[PDB]
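One-letter residues, chain by chain:
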Amino acid sequence: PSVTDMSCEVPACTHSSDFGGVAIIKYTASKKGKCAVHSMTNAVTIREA
Amino acid sequence: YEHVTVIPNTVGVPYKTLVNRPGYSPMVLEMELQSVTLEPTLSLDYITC
């Protein structure tokens, strides 16, 4: 599947040793399926695969 | 979470205060003072009749 339009907002962040950040992303998809996610920076790690 | 406030010494008037903690929705408290009493210490000297 393809995704054509996305946006990002970040309602909270605390830079503690644990997972203290949350983000919400909106998307429009062309059809049902599964997709992987990955970060493009070294300073931020993402839990979900 | 520690919060400190000051209320004037007026009986029968409500007051409100705002609590704000990062990452959580704000909370508002309301307080009213109903009575204040003072009591001295006494010692007896003599009586008359």
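To be clear, the structure that these remarks concern was listed above.
About the criteria used
- Residues numbered from 1 in each chain as written, not as in the entry; some residues may be left out.
- Chains lettered and ligands numbered in written order.
- Part of a larger assembly, values for the part shown.
- Heavy atoms only, no water.
- Helix = DSSP H or I, 4+ residues; strand = E, 2+ residues; numbered from the N terminus.
- Buried < 20%, exposed > 50% of the residue type's maximum accessible area, 1.4 Å probe, protein only.
- Contact = heavy atoms within 4.5 Å.
- Salt bridge = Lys/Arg side-chain N within 4 Å of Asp/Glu carboxyl O.

Residue and element names in this part refer to chain B. Relative to the assigned elements, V28 resides in strand 2 (residues 27-31). For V28, a relative accessible area of 52% gives the class exposed. In this structure, the C-alpha to C-alpha distance between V28 and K16, residues 12 residues apart in sequence, is 6.9 Å. Sequence-distant contacts of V28, defined by excluding residues within four places in its chain, comprise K16, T17 and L18.

Here the focus is the pattern of salt bridges. Close approach of charged atoms allows side chains with opposite charge to pair. Residue and element names in this part refer to chain B. Using the criterion set out here, one finds 1 salt bridge over all chains in the structure. The partner of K16 in a salt bridge is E30, with the nearest N and O atoms 3.2 Å apart. Placement of the pair is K16 in strand 1 (residues 15-19) and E30 in strand 2, with a sequence separation of 14 residues. The same class applies to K16 as to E30, namely exposed.

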